[PDB]
Every structure is written in C-alpha cells, then in structure tokens.
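Have a look at the structure below, then the notes.
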Amino acid sequence: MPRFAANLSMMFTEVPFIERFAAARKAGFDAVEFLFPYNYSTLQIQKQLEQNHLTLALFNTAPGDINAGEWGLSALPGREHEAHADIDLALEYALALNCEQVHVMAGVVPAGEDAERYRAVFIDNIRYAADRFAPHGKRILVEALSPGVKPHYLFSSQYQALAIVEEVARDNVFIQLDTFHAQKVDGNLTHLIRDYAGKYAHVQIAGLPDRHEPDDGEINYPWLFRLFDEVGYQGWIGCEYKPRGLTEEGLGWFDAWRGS
Ligand SMILES: [Mg+2]
Ligand SMILES: [Mg+2]
C-alpha cells in the first residue's frame, strides 16, 4: 500500500485524455481520477475503464467558463439552477462509471463581493448534491484550494472545508484532503490525518513546493503513508502532480512504494 490513483488531468498528459487510462494501467495503477469527463461520453470512458480494469476513484462537477475566471458554479449566487444541472450531470456520470464520489466545486469570489453570501449558497448546493447522491450510496467531497493554485477561491484552508461540511450536516459529505494545499496553507499534516480521521474520504498528494513528483520536497510522504495505515484510511490516494518532465521518467517513486 497505499492504494494510489493516477490523476489523468495532471499525469500522462503527453497523450490525449482517452489514451491515459491505458497509460496508467501500463504503469501499474489500479485506479484513476481526473477533473472533467464531460467532453466525452460515459460510454467512451466506461470502455477504457473496463478495458484496463481500472476503478474511477473521483472526478469533479464542471468548472463553468474557465476563461471568464470561473472555477465552479455551486458557490455563485444566481447560478443555482446551473449548479444543480452540473451536480445532476455528475451523478449521471458517477452512476455510469461506477464512481463512488464526486467533488462538487465551489467557485471564485469576485473582488468586492461578499464571501459569506457565496458560502451560504455553496452549503445549500452541497446539501442538494448530498441528497441526490445518498440514494445511490455515493458521497460528495469538498476540496480546499491554496491561493497559489486558485486565487480568491471560496475557501483555502482544510479547517474551512471541515467547518463547511460540519454545517452541511450530511452523512455522505466529507472533505477531500489534498496535502499539497494543506501544506501550503495549514501545515500540521499529522493533526489533520490523525485527529480528523473519518472526516476526509479522499486524499491527494504532490511534491512540495512545486507540485511535482512526491518523492522529494519538504514533505516526507513515506512517513505520511505510515500514518494513513495507522488510522486505517481505506480510501484512495490520488497522485495529482505535474511531472517535472515526462510522466514515465518520474515514476520511480511509484515502483518503490508499490513494490514495498
Ligand atoms: Mg486536488
Ligand atoms: Mg496555517
């Protein structure tokens, strides 16, 4: 262990998206995750998942218009019906692709706008997602994003994500503990992993501080893995990093930790 999932939106980008499933399997991954599958039919993706015997661990609700500065519609006042549409489409994909969880994106708060109003809207949209997903035994994830990656995003600290989930008050809503953002904003990863065990349903990793391979940087990942084992984490660890160079050329860390 741990159980690693390759993030196809960041890894194996040398080839077209649809070809990354085979690339991940060739490297030895049993699961994959990515951001947005919407430009492809559920049939297209399902075929690649089955062909390569892969588990789809996670994906996101749509970002909206990225070039207009959007990164989620669920926290945007007046866009609630579009957010619900994004949530419903994600459910359609999650059902067809046998994916247990979806990260419902919040959104960027325009300068001058009241963040509280956006937060209230986000909480109601997460409750909507939670109630739509519960009957199918699926869950909803909330991911804090560091400012270096997404300026002015609704929330950047794991503690803000945790408080939001606590207020959402749903048994199938959890945070997405991306250690890259956590180390950039909060630190004390042991406290988050150990004392909030049960509150995060997914984990992601990347090397600090440049977000490349996880076998170097200020965080000693092998030690973190021991912690995850201790607390009995049973989910997947998404490898969401930008390879320093060619994806394959930087997979030494994987062979080591998976072969051990
Ligand atoms: Mg992430
Ligand atoms: Mg801090």
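Here's how to read the names in the structure tokens: chain A, B, ... by the order shown, residue numbers from 1 in each chain, ligand numbers from 1 in the order shown.
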Per DSSP on the backbone, filter region 121-202 of chain A down to the residues in strand (DSSP E) and report them as a ChimeraX atom specification.
/A:139-142,173-178,200-202
So that I can see what lies close to residue 152 (chain A), please list as a ChimeraX atom specification the residues with an atom at most 9 Å from it, counting only C-alpha atoms and leaving out residues fewer than 4 positions away in the same chain.
/A:107-111,147,156
Restricting it to N, CA and C atoms, dump the selection as a short mmCIF file (atom, residue, chain, number, x, y, z; two decimals), in the first residue's frame.
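Contents of the output file result_7.cif:
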```cif
data_model
loop_
_atom_site.label_atom_id
_atom_site.label_comp_id
_atom_site.auth_asym_id
_atom_site.auth_seq_id
_atom_site.Cartn_x
_atom_site.Cartn_y
_atom_site.Cartn_z
N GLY A 107 -16.30 27.75 -6.13
CA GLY A 107 -16.23 28.86 -7.06
C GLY A 107 -15.32 29.97 -6.58
N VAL A 108 -14.99 30.88 -7.49
CA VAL A 108 -14.14 32.02 -7.18
C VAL A 108 -15.03 33.18 -6.78
N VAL A 109 -14.63 33.91 -5.74
CA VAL A 109 -15.40 35.05 -5.26
C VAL A 109 -14.83 36.33 -5.85
N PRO A 110 -15.60 37.01 -6.72
CA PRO A 110 -15.15 38.26 -7.34
C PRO A 110 -14.75 39.30 -6.29
N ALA A 111 -13.76 40.12 -6.63
CA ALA A 111 -13.31 41.16 -5.70
C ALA A 111 -14.49 42.05 -5.32
N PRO A 147 -4.27 29.45 -2.38
CA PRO A 147 -4.29 30.64 -3.24
C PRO A 147 -3.29 30.66 -4.40
N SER A 156 -9.68 28.18 1.31
CA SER A 156 -8.35 27.62 1.06
C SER A 156 -7.78 26.72 2.15
#
```
Ligand 2: which residues are within 10 Å, counting only C-alpha atoms and all ligand atoms, as a JSON list (two decimals) with N, CA, C and O atoms, in the first residue's frame?
```
[["chain", "number", "residue", "atom", "x", "y", "z"],
["A", 157, "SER", "N", -8.34, 26.80, 3.36],
["A", 157, "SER", "CA", -7.86, 26.01, 4.49],
["A", 157, "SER", "C", -8.69, 24.75, 4.73],
["A", 157, "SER", "O", -9.91, 24.76, 4.57],
["A", 158, "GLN", "N", -8.02, 23.67, 5.13],
["A", 158, "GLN", "CA", -8.73, 22.43, 5.41],
["A", 158, "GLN", "C", -9.75, 22.67, 6.52],
["A", 158, "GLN", "O", -10.80, 22.02, 6.57],
["A", 159, "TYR", "N", -9.44, 23.60, 7.41],
["A", 159, "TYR", "CA", -10.36, 23.89, 8.51],
["A", 159, "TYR", "C", -11.62, 24.58, 8.02],
["A", 159, "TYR", "O", -12.69, 24.40, 8.60],
["A", 182, "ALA", "N", -3.04, 21.55, 1.72],
["A", 182, "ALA", "CA", -2.94, 21.54, 3.18],
["A", 182, "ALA", "C", -1.57, 22.04, 3.66],
["A", 182, "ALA", "O", -1.49, 22.82, 4.59],
["A", 183, "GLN", "N", -0.50, 21.57, 3.02],
["A", 183, "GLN", "CA", 0.83, 22.00, 3.44],
["A", 183, "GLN", "C", 1.11, 23.46, 3.07],
["A", 183, "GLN", "O", 1.86, 24.15, 3.76],
["A", 184, "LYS", "N", 0.50, 23.93, 1.99],
["A", 184, "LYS", "CA", 0.69, 25.31, 1.56],
["A", 184, "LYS", "C", -0.01, 26.31, 2.47],
["A", 184, "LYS", "O", 0.46, 27.43, 2.66],
["A", 185, "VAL", "N", -1.13, 25.88, 3.04],
["A", 185, "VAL", "CA", -1.95, 26.76, 3.87],
["A", 185, "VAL", "C", -1.98, 26.50, 5.37],
["A", 185, "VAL", "O", -1.89, 27.44, 6.17],
["A", 186, "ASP", "N", -2.10, 25.23, 5.75],
["A", 186, "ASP", "CA", -2.24, 24.85, 7.15],
["A", 186, "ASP", "C", -1.06, 24.22, 7.88],
["A", 186, "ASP", "O", -0.79, 24.57, 9.04],
["A", 187, "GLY", "N", -0.38, 23.29, 7.23],
["A", 187, "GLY", "CA", 0.70, 22.60, 7.90],
["A", 187, "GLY", "C", 0.10, 21.57, 8.85],
["A", 187, "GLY", "O", -1.08, 21.22, 8.72],
["A", 188, "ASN", "N", 0.91, 21.10, 9.80],
["A", 188, "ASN", "CA", 0.49, 20.10, 10.79],
["A", 188, "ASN", "C", -0.36, 19.01, 10.15],
["A", 188, "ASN", "O", -1.51, 18.79, 10.51]]
```
In Å, with one decimal, what is the gap from CA of residue 167 (chain A) to CA of residue 120 (chain A)?
10.0 Å
Within 10 Å of ligand 1, which residues of chain A come that close, and what is the closest atom pair and distance in Å for each? Count only C-alpha atoms and all ligand atoms and give it as a Markdown table.
```
| residue | atom | partner | partner_atom_place_in_ligand_line | distance |
| --- | --- | --- | --- | --- |
| A:7 | CA | ligand 1 | 1 (Mg) | 9.3 |
| A:34 | CA | ligand 1 | 1 (Mg) | 9.6 |
| A:35 | CA | ligand 1 | 1 (Mg) | 9.2 |
| A:103 | CA | ligand 1 | 1 (Mg) | 9.6 |
| A:143 | CA | ligand 1 | 1 (Mg) | 6.9 |
| A:144 | CA | ligand 1 | 1 (Mg) | 8.2 |
| A:145 | CA | ligand 1 | 1 (Mg) | 7.4 |
| A:146 | CA | ligand 1 | 1 (Mg) | 9.7 |
| A:149 | CA | ligand 1 | 1 (Mg) | 9.9 |
| A:176 | CA | ligand 1 | 1 (Mg) | 7.5 |
| A:177 | CA | ligand 1 | 1 (Mg) | 7.7 |
| A:178 | CA | ligand 1 | 1 (Mg) | 5.0 |
| A:179 | CA | ligand 1 | 1 (Mg) | 8.1 |
| A:180 | CA | ligand 1 | 1 (Mg) | 7.6 |
| A:181 | CA | ligand 1 | 1 (Mg) | 7.5 |
| A:182 | CA | ligand 1 | 1 (Mg) | 10.0 |
| A:202 | CA | ligand 1 | 1 (Mg) | 9.6 |
| A:203 | CA | ligand 1 | 1 (Mg) | 8.2 |
| A:204 | CA | ligand 1 | 1 (Mg) | 5.9 |
| A:205 | CA | ligand 1 | 1 (Mg) | 7.7 |
| A:206 | CA | ligand 1 | 1 (Mg) | 9.0 |
| A:238 | CA | ligand 1 | 1 (Mg) | 8.1 |
| A:239 | CA | ligand 1 | 1 (Mg) | 8.8 |
| A:240 | CA | ligand 1 | 1 (Mg) | 6.3 |
| A:241 | CA | ligand 1 | 1 (Mg) | 8.8 |
```
What are the closest atom pairs, with distances in Å to one decimal, for all residues of region 10-51 of chain A lying within 7 Å of region 55-62 of chain A? Consider only C-alpha atoms, order rows by chain and residue number, and present the result as a tab-separated table.
```
residue	atom	partner	partner_atom	distance
A:30	CA	A:55	CA	6.4
A:31	CA	A:55	CA	4.4
A:32	CA	A:56	CA	5.3
A:33	CA	A:58	CA	4.9
A:34	CA	A:59	CA	5.2
A:35	CA	A:59	CA	5.0
A:36	CA	A:60	CA	5.9
A:49	CA	A:55	CA	6.8
```
So what do you get for CA of residue 218 (chain A) versus CA of residue 232 (chain A), distance-wise?
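That distance, rounded to one decimal, is 24.4 Å.
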Nearest to residue 77 (chain A) by atom-to-atom distance, counting only C-alpha atoms, from A:215, A:195, A:124, A:65:
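Of A:215, A:195, A:124, A:65, the one nearest residue 77 (chain A), counting only C-alpha atoms, is A:124.
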Could you please determine the separation between CA of residue 46 (chain A) and CA of residue 25 (chain A) in Å, to one decimal place?
14.5 Å
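When the distance limit is 8 Å and only C-alpha atoms are what count, the residues near residue 132 (chain A), minus those fewer than 3 positions from it on the same chain, are residues 88, 91, 128, 129 and 135 of chain A.
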Quick one: pick out all alpha helix (DSSP H) residues within region 24-174 of chain A from a backbone DSSP run and write them as an MDAnalysis selection string.
chainID A and resid 24:27 42:51 80:96 115:133 158:168
Considering only C-alpha atoms, can you say which of A:214, A:137, A:235, A:64 comes closest to residue 5 (chain A)?
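Closest residue, counting only C-alpha atoms: A:235.
Comparing A:116, A:97, A:166, A:2 by their smallest distance to residue 44 (chain A), the closest is A:97 (using only C-alpha atoms).
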